[PDB]
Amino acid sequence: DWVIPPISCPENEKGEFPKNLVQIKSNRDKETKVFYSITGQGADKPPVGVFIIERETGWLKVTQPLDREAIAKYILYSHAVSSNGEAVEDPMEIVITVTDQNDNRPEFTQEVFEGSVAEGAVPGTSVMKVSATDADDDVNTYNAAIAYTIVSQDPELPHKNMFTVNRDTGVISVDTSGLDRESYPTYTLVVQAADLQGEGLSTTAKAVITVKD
């Protein structure tokens, strides 16, 4: 039973429906009459009706917007039957992949993350980890590929950039030194998560670092 190269249909389509994807067709339709149908989840089983097939020509259509983040791949079967009811083909297994769009913003595991460092640790010691998630397609695109930046430090002394964040790991480390509890005892960092490798959709959270003796 052949399985068909995947038919791509992007999520969140808009406008008039139904829309044509792709024609599936027996080359025996000059020998005898051929009537097409499809079965499976997305066709005659839940969700019913997302895809339909023009009985007579074999144009496969989609009848509504899709959401990759709810169903990413549909498997159906097509059938080719003649007037006398005989099968003109074995069923063909039909694979449809929902193609991703970047329609989910990253989200931080917490709105405020807490750590602490020692006064005289050392430019590149580990303070804490911040983390986001993105629900988009981490396998075939960058839409869920998260770059952590630092947006602002408070207060800005002794110098701006007392800290850095590793843009992939979200691990926060000491960048320059002169950390002095008694001059400046807590810092409030605004941290950013952005997909498209830094360029895309973004969100912010807070990291509150307590300077210790």
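From 1 onward, residues are counted along the sequence shown.
- In this entry, 117-125 shows the higher mean Cα temperature factor of the pair 133-141 and 117-125.
- Relative to one another, 92-100 and 107-115 have unequal mean CA B-factors, and 107-115 is the one with the higher figure.
- Between the residues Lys33, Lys160, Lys45, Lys61, it is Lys160 that shows the highest Cα B-factor in the PDB record.
- Comparing the C-alpha B-factors of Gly178, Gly49, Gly40, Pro65 in the entry, the top value falls on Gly178.
- The PDB entry assigns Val171 a C-alpha temperature factor belonging to the highest third of its chain's modelled residues.
- Sort the modelled residues of the chain by CA B factor and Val165 lands in the highest third.
- The PDB entry assigns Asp154 a C-alpha temperature factor belonging to the highest third of its chain's modelled residues.
- Split the chain's modelled residues into thirds by C-alpha temperature factor. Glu182 is in the highest one.
- Sorting the modelled residues of the chain by their CA temperature factor places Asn20 in the lowest third.
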